[PDB]
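*Asks:* Residue numbers (the authors' numbering), protein chains in the order written: chain B, 2 to 169; chain A, 2 to 169.
There are 2 protein chains.
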Amino acid sequence: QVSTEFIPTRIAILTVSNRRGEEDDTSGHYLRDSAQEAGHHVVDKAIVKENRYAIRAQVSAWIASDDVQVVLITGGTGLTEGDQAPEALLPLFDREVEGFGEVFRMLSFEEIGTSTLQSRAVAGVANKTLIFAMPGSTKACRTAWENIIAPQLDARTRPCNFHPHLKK
Amino acid sequence: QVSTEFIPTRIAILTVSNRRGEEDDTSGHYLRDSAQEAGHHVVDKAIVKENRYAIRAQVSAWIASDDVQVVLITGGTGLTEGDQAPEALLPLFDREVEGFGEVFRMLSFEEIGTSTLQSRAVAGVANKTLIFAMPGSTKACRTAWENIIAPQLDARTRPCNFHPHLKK
Numbered sequence: 002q003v004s005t006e007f008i009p010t011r012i013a014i015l016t017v018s019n020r021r022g023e024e025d026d027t028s029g030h031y032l033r034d035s036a037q038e039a040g041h042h043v044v045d046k047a048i049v050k051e052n053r054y055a056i057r058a059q060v061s062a063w064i065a066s067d068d069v070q071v072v073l074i075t076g077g078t079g080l081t082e083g084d085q086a087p088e089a090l091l092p093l094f095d096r097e098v099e100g101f102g103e104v105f106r107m108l109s110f111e112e113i114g115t116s117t118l119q120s121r122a123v124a125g126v127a128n129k130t131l132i133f134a135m136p137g138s139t140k141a142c143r144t145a146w147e148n149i150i151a152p153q154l155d156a157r158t159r160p161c162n163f164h165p166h167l168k169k
Numbered sequence: 002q003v004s005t006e007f008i009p010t011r012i013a014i015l016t017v018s019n020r021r022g023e024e025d026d027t028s029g030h031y032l033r034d035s036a037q038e039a040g041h042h043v044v045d046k047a048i049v050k051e052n053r054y055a056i057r058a059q060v061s062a063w064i065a066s067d068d069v070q071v072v073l074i075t076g077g078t079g080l081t082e083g084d085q086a087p088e089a090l091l092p093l094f095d096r097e098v099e100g101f102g103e104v105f106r107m108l109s110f111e112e113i114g115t116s117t118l119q120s121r122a123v124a125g126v127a128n129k130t131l132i133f134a135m136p137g138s139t140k141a142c143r144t145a146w147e148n149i150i151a152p153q154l155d156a157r158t159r160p161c162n163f164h165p166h167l168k169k
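#1: Along the stretch 37 to 64 of chain A, where does the CB come closer than 7 Å to a CB of chain B? Name the residues.
#2: For the stretch 115 to 134 of chain A against the stretch 131 to 147 of chain B, are there 3 or more C-beta pairs whose distance is under 8 Å?
#3: Does the Cβ of A:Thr-144 have 16 or more other Cβ atoms within 10 Å, making it buried, or fewer, making it exposed?
#4: For a contact defined as C-beta to C-beta under 9 Å, what are the partners of A:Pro-92 on chain B?
#5: So, helix, strand or coil for A:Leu-108, using DSSP?
#6: Starting from the Cα of A:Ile-14, find the closest Cα among A:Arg-121, A:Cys-161 and A:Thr-27 and give me that residue.
#7: Residues of chain A with CB closer than 7 Å to the CB of B:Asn-128, please, in chain order.
#8: Taking the CB atoms as reference points, tell me whether B:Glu-51 and B:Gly-83 lie closer together than 7 Å.
#9: Classify B:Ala-127 as helix, strand or coil using the three-state DSSP reduction.
#10: Between which two residues does the alpha helix (DSSP H) carrying B:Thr-16 extend?
#11: State the start and end residues of the unbroken beta strand (DSSP E) segment that holds B:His-164.
#12: Quick one: what does DSSP say B:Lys-140 is sitting in, helix, strand or coil?
#13: Where A:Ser-18 and B:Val-69 are concerned, what is the direct C-alpha to C-alpha distance, given to the nearest angstrom?
#14: Rounded to whole angstroms, how far is the Cβ of B:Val-71 from the Cβ of B:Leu-154, which I believe are closer than 8 Å?
#15: Could you check where the alpha helix (DSSP H) with B:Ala-151 kicks off and where it finishes?
#16: With DSSP as the reference, please indicate the residues paired to A:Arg-96 in a beta bridge.
#17: Restricting to Cα atoms, I'd like to know which of B:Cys-161, B:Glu-38 and B:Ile-56 is closest to B:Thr-75.
#18: Can you tell me whether A:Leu-91 is helix, strand or coil according to DSSP?
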């Protein structure tokens with residue numbers, strides 16, 4: 002159940018934004034850098050429009066692929082008309098990992114207050130592919146990565162983590 | 002809106018099968034051939050394993066594409082554990098086109114009898130992409146194309162057809 006050595010996971014990163022460009026993709030850059038620095042391999046990275054169909058095409062390709070084990074998504078979880086991440090992803094999940102959105106909103110409430118109601122972070126599993134959708138804010142991503150995701154992607158984490166159950 | 006002339010549609014064909022290859026794919030061929038012998042353009046074709054995720058990845062790309070207006074799928078609508086076409090697609094739909102399944106099972110009863118209950122044909126629309134999922138049997142494909150889809154894809158058909166609702 003628990004390994005004595007760090008075991009790298011294969012991660013794909015996605016930025017949902019109509020204007021965001023590689024240059025001004027701060028959350029995308031943050032997740033890539035944090036992942037690489039922790040020892041994981043980032044095998045793909047893309048930026049898509051806030052479009053529900055563009056999100057489904059990229060994420061479904063990764064769900065069906067042999068190598069992507071984890072998908073990290075930033076953006077598109079807001080309450081506007083164009084925020085489509087949750088709508089695009091929920092129907093693709095085999096199962097939802099409810100502890101993620103709850104613990105994230107809990108930590109986020111202490112950090113930014115009632116503004117945490119403005120985001121709909123959610124995680125799920127499809128074809129053994131782990132998918133985490135977080136807000137576009139870089140601080141939100143740091144809160145999610147350091148206190149929640151990184152620990153669970155680390156094979157040495159007691160009492161248990163995702164390692165044994167990931168694709169391949 | 003009914004045109005006075007014929008207007009070609011950009012169609013993508015998909016075969017769902019674990020064994021079938023391009024050579025022994027009678028249904029894929031029939032559809033490409035029929036599609037063309039009617040004046041439409043077949044912009045893409047592919048074969049996927051009877052796998053819910055493989056189907057989702059390929060069909061989501063076509064839905065998000067600028068060129069594919071119509072998708073035709075043969076296979077996987079059965080009642081076995083491996084038949085996943087309906088399961089794969091239903092959640093990708095913006096709207097379901099009930100008329101298809103009901104009509105197809107109607108004309109099919111008149112030809113194969115109660116064996117019509119062994120198929121779960123269905124169609125829907127997603128990002129203006131028209132999606133038809135029919136049985137693997139070439140005879141079924143014939144009944145669907147000739148008696149239901151072909152006419153509906155003919156812009157001259159009255160009282161109405163899909164012409165005005167296809168993605169530009």
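Every residue gets a Cβ at the ideal spot worked out from N, C-alpha and C, and that includes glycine.
*Replies:* Based on what the coordinates show:
#1: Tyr-54, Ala-55, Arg-57, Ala-58, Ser-61, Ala-62 and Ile-64
#2: no
#3: buried
#4: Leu-91, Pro-92 and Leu-93
#5: helix
#6: A:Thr-27
#7: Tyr-54
#8: yes
#9: strand
#10: Run containing B:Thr-16: none in the alpha helix (DSSP H); it sits in the beta strand (DSSP E), 11 to 17.
#11: Run containing B:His-164: none; DSSP gives neither H nor E here.
#12: helix
#13: 24 Å
#14: 7 Å
#15: 151 to 154
#16: A:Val-126
#17: B:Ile-56
#18: helix
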